[PDB]
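Single-letter residue listing:
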Amino acid sequence: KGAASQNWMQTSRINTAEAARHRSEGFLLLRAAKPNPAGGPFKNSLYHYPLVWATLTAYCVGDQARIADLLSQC
RNA sequence: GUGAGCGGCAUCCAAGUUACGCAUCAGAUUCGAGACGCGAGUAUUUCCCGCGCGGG
């Protein structure tokens, strides 16, 4: 690691304003009165994963030319 | 088929109310528009400066 790992936060949510508008206009076929952010189709979710600056080094037994060619497209 | 693949930190909120750049301080003390332009000196050549002629 060239620097300390950073805890990256990401969420996921469906805009309830747009969902309500679509439900009103008939675009969305939903009968439920309210969204449920704790669970269901309109659930908000909070998750984290770490981000690192790193130099990846690994050792292998194989063909240099073909491995380098494969890694060229990565 | 890279413990991969998939995933909105997003919504809402007044920096505002009140407050004298003000009080006081000599542009003063001295001095003339009144003075300053030649009626000043003999007769015919003398040492010389540029070179017959210009000129001490």
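Analysis parameters
Residues numbered from 1 in each chain as written, not as in the entry; some residues may be left out. Chains lettered and ligands numbered in written order. Part of a larger assembly, values for the part shown. Heavy atoms only, no water. Helix = DSSP H or I, 4+ residues; strand = E, 2+ residues; numbered from the N terminus. Buried < 20%, exposed > 50% of the residue type's maximum accessible area, 1.4 Å probe, protein only. Contact = heavy atoms within 4.5 Å. Near = heavy atom within 4 Å. Polar contact = N/O pair within 3.5 Å; in protein donor to acceptor, adjacent residues only side chain to side chain. Nonpolar A, V, L, I, M, F, W, Y, C, P; charged D, E, K, R; others polar.

S.K.: For the environment of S12, give the residues involved together with the corresponding values.
M.R.: Of note, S12 is situated in strand 1 (residues 6-12). Judged by relative accessible area, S12 falls into the partly exposed class, the value being 32%. Counting along the chain gives 14 residues from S12 to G26, while the straight-line C-alpha distance between them is 24 Å. With sequence-adjacent residues up to four places away left out, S12 is seen in contact with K43, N44 and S45.

S.K.: Got a sec to walk through the protein's contact with RNA strand B? Specific residues and values, please.
M.R.: The immediate surroundings of RNA strand B are formed by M9, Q10, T11, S12, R13, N15, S45, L46 and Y47. The sugar-phosphate share of atoms of RNA strand B within 4 Å of the protein amounts to 49%. Residue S45 places a side-chain N or O atom 3.0 Å away from a base nitrogen belonging to RNA strand B. The side chain of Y47 places a nitrogen or oxygen atom 2.8 Å from a sugar or linking oxygen of RNA strand B. If you list the elements that add at least two residues to the surface near RNA strand B, you get strand 1 and strand 2 (45-51). Grouping the amino acids of the surface near RNA strand B by side-chain chemistry returns 3 nonpolar, 5 polar and 1 charged.

Without other data, these values stay purely geometric and don't point to any function.
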